[PDB]
Structures are given as structure tokens and as C-alpha cells.
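Next up: just one chain, as C-alpha cells, the form deposited without the ligand.
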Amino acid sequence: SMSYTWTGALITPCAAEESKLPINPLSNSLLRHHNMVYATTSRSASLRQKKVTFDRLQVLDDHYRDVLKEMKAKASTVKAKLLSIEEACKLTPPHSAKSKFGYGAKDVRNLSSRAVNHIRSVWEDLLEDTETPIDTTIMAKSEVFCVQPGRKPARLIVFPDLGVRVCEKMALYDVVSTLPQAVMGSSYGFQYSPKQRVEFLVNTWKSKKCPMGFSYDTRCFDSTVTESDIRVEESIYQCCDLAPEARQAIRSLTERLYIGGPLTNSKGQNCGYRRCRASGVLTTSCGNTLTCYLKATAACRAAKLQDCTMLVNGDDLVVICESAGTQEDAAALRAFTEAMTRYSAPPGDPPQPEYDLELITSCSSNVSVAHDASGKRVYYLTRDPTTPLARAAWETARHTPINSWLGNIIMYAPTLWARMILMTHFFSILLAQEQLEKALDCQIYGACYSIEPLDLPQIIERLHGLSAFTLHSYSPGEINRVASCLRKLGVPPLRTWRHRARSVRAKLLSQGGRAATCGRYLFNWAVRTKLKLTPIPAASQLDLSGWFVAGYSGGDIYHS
């Protein structure tokens, strides 16, 4: 069927939308070419609409069915619990879109009578009505990027009302948080921290006699997901031991919300109908991960790739296997692509076999190597800094609910660019405004967290190790990419950042306390006379296990 059907009504904005990087004095110290930075708006909605609207083609085969049964067999060991309205409420982000039934996120979190009673009525409705399509809202997403040799059309987000979202958590939060790992095991990407992902990728790469790997980009994955995929996805959920009400909610949610439904713009107009994956539901990440894994695992058998190992994060996929030669590898890959195409997962960028791990990009990142103080090689996760820097520039020119720069500092703490630039720039600004102690929100694997800047040293030590504060001698390729990026965006050269860093470092030390800890560890690279970096006490008590359990992008999840 058609992923979408449109009535003609437009995808409209909720309020005024900014596209150009604002007028301010602090962003310019980060990057001078501000005209290269832009945010997507609803004005480009029609372009995305054209791209995501098409008739899907899907032909299943024995390999697909064999893998599905294998997945259900593992799903069968799971026992999911029903969340209480109170538990489900606490997971709701403070800034979650308000309900159109007289209440918002705050009321939900406060368990206000008006919110709880309506949520309860939505739940009962899910137990009684098994057919009526649930209404959703479709909006153009606002995201920041840097122009390319031009601009990207805004993506479309589709989500149900706040009440329905709370009900989703009640019935499926435990499922989407535990099942993926039980079904895919080591292949489930979100169970890893950046350091662990690298370890998994490096070990997997070293386990092959002659390794060959590739990233597979599915063209607009969400719209390639068919009604059949969503029901197959549910059949896996149904293998879990579930409470009767959870089982009915999952069944109802599947037919009423997940497989499709009517779209309404921000002005309450009927925009059309969806018959593919909605981006803003609790099962999007889990569902995409399961579906991608299922199709890829089956495609590999069809293509006859030797000893395949998948790493899947939602619609993102990387496959590492045994090489059978250059010609055979390229032929097998093309066979793989055809299999995926039949499963309704056609490629955007055609895949290409890689024989160098560092050249494989997955989750917009790649594994690279550097050296610690003692000169020992260390593997870490990095990525092209273009988007991170553009967004950091934007978040500097104006307030944003989520601080991507903080998230990028945590996930990419070992990188040459995060240390030289993001840390220096943001700590410098925080000092000036005297907000080093204020907690800021950021996202990790879609879930929202509240982080205190001054706790960064501990966090980084725990997630990356002490080597994150001593890495040097980065690879030629990594250095080239960072340098090119800085030249392109008009970002000051290393010398300027070292100077700014020395100054930030000094101010931080004179303040003592945690600030002084930030000064010693985060900026040890800026000074000539190094300081001996020993394990930080608070880094031995950090409860960071819950940070890397599952994916929640689009899930409206908040962890306090």
C-alpha cells in the first residue's frame, strides 16, 4: 500500500519557526560562517512528503520466516510487567507536548486528578475498542544542519495525544526496554555505551580471519515499514508473558495506532492517512530495531554472506563478516541489497564493502584510534563534527529544551574536536554566566537526562576511562576530517582554543571544588606542565547502568 495518503491540507507550524542562526555575540567565537547553519522548518514539509510517499513492495520467503521463528523463540523467554499509571507518569518529560484534553506534562508528572482520570479513561478505551484508528498529529521537525555542496527537508514526526502516550508506557515500556536485548543479544546496539560499542565492533572485527564490513542505509526506513511488519513485530511482543490488560492494550494499540491512522496538522485539519511507522510512538525504536534485524539477518542468508554479525540501532545497521574475496564480496553485497529490497528495505546510499574498520560509519559514527599518556593505543568512537558544531553554535545563540552539546561532550569526550572545542567553548560561557552548577537537559539514545556540568569529569571517567583526558596523536584521517570541518565552518584554529582553554582552566582551578576538578582533567591537554590524573572518587559510585539499556528516540521518555 501507499505509506501515506494526503488530503491536501498542509503540514503547519505550531508557532513561528527560525531558520537562520540568530544575532548574538557568543556563537561567533565558535564559528564565523553563520550563514552555513540553518534549521529546517515546515516550509520544506512538502518536499519530505514527496520523498516519503510511495507504494511498498514486499515479498517474504523461507529465510525471513526462519529468522522470525528464531526471534519469537527467544522472545518467548520474556516476562513483561504492566506499569502503574504512577510509574508511567514519572517517565513523562516535563516538556512533553500537552494533551488536548485540558492538561499538560506538568500535571501528568504531578499525578493531577484531571490528568490521571483522563489517562485512565484512555486505557479503558484501549481495552474495550479494538478497531477505531487513533488520531495523531503530524509536524515538521526543527533540526539544525550545515549546508552542503544544499539543504535538507524537515523530517515529519507523527505522535498520538499525551494520554495515549502514557498508556503506551504502561503497556509496553517494560517490553521495549527488555525484549530487544533478549531477542538480538549482542547485536542490539543500545545496550552499549560508546566505549562498549567500540569494544564490540573491534572484537567482532578481530574475530574474522579476513574481515569485511558495511553500513546499510535504508531509504526512509519508517515509510518502508508495512502493516505486515508491524503485525510481525506485535507477534514477537505477544510471545512475552503479559498481563491480560497489557496483552489487549498491545493488540489494540497495534491495530489502532502502530499500523497506521489518520493524520491531523497543528490547526486541527485532516492532512491524510498513514500506513507505515509513526516516528513518535514508544515502539518506534524497538520496532525498527527488530524489523531491521529480522530483514538483515534473513538477507544475509539469502546473499550467502559468510559468518555475519549485526549491530543494529533502530533503522541503523552495520554488518561485519568473513570476506570471500573482493569480487565475491561485492557480488554478495549486491545480492544482500536485493534481498533487503524484496523485504521492503531498499537502500538509499548503495552499500559498499569496507576492509578498514575506521571507514565504516554507523549511527553517524566510526571507530578510530589515538594514544594515552603512556603511548598505548586506545580505540574510541568519533564522528564528523559538522552537525555537532553547527548545533552547538545554534544552542549558544538561543535557549533550547535539549542541549545536544552536552550530550555530545559526554558521548564523544575522547575526541579531538569535543575536547578542543565543545568543552572549551561551553565551560568558558558557563563561567561567564556563573551557571556551572545549573543542571541542563540532554539526550542519550533518545531518552532525556538532567546533567550537572560540574559532574562531567566523573561521568567521562566512568564511561570512557582516564585515557579520555590524555589522548593524543590522533589518526591522519581523523585529523584531516576535523581540520577540514573547522576550515569549512570558520571555526578558530587549535592555537586559539588552547589559549582560551588555558584561561578557562586557570579560572576553574582558582574556584576549587568540582570546578577545579573540571580544570585539571578536562583541560590537561592545554597546559605544558601536565598534572598526574588519578581516579576520581565520585567515578566509583556512578549509577550509569540505566543510561545504556535501550533506544527511545521518538518515545517521549524521561529518566530522573
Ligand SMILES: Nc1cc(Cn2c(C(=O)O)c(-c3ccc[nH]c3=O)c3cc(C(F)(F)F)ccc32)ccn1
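In this text, residue numbers run from 1 along the sequence as written.
Only in words, not in the display: the form solved in complex with the ligand, which the text now covers.
Residue in contact with the ligand in the deposited bound form (any heavy atom within 4.5 Å), chosen from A105, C363, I230, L242: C363. For the residues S96, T337, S344, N408, the 4.5 Å heavy atom test against the ligand in the deposited bound form is passed only by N408.
Within 4.5 Å of the ligand in the deposited bound form, a heavy atom is found for all three of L381, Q443 and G446. At a distance threshold of 4.5 angstroms between non-hydrogen atoms, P194 is in contact with the ligand in the deposited bound form. When the ligand is considered in the deposited bound form, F427 lies well away from it, no heavy atom lying within 4.5 Å. In the deposited bound form, the ligand sits within 4.5 Å of a heavy atom belonging to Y412. Proximity of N313 to the ligand in the deposited bound form falls within the 4.5 Å heavy atom cutoff. Contact annotation: the ligand lies within 4.5 Å of heavy atoms from the stretch 364-372 in the deposited bound form, the single such stretch among 258-266, 114-122, 364-372, 128-136.
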